[PDB]
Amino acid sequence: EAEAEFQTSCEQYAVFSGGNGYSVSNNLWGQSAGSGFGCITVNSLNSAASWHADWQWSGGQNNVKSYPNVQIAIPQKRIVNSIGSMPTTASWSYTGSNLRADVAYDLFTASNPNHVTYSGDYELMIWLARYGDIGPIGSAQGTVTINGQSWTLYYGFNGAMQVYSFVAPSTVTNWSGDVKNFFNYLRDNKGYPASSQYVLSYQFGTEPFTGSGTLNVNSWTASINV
């Protein structure tokens, strides 16, 4: 027997697209660094994305094995400061054991609108969860308030890329926000050049190190407006 609408794969670079501009990617870019597997299953792509990633990784204790994620298409890149809003909602859960992984938004920006979309002048991460001894790069900058919620801000370098990571003080399995609030904070408190940086990508997923786990994304939405 068989079924259509089959949007499941354990392939390194499997990608499924549909609904309002969503693509779900297995993205096992660091699979070389370990042993095991990563799979994704798309339940539904409409106005929202529903999907799950299932994985088991051992070895390469200190290396990300993958970033299975959902993201939105951005055919036309726009300047951060010109973008009106970047609303998003996320409803998710993690199951498994010995989880060394995170759950986070990931966005890249650059002054070059044709920059490759998987890196940039800057990277903005918003971590909704963290398991085990894994954390963002850089060093703690302190706690900040964005739209009435606390985040611990980290700041560091990857080569020439500057990375800002906003980490929730406890797991947030159910969230709603606007990434514009985070850019505004960086612009007004950190000298982030919002007037000259283009949003290259807008992703949400998990970075697994080791363990065995299933990230279930009950629902995710995101868009870039005006």
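Counting begins at 1, following the sequence as shown.
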{"item": "Given 81 to 89 and 148 to 156, the range whose Cα B-factors average higher in the PDB entry", "value": "148 to 156"}
{"item": "Mean temperature factor over C-alpha atoms, higher-scoring stretch between 67 to 75 and 113 to 121", "value": "113 to 121"}
{"item": "Deposited CA B-factor, highest of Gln162, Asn184, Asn26, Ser44", "value": "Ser44"}
{"item": "Maximum C-alpha temperature factor, selected from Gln61, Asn174, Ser201, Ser196", "value": "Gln61"}
{"item": "Third of the chain, ranked by Cα B-factor, where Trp127 sits", "value": "lowest"}
{"item": "Modelled-residue ranking by C-alpha temperature factor, third containing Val167", "value": "lowest"}
{"item": "Assigned third (lowest, middle, highest) for the C-alpha B factor of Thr8", "value": "middle"}
{"item": "Chain thirds of CA B-factor: placement of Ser212", "value": "highest"}
{"item": "CA B-factor ranking of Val179, expressed as a third of its chain", "value": "lowest"}
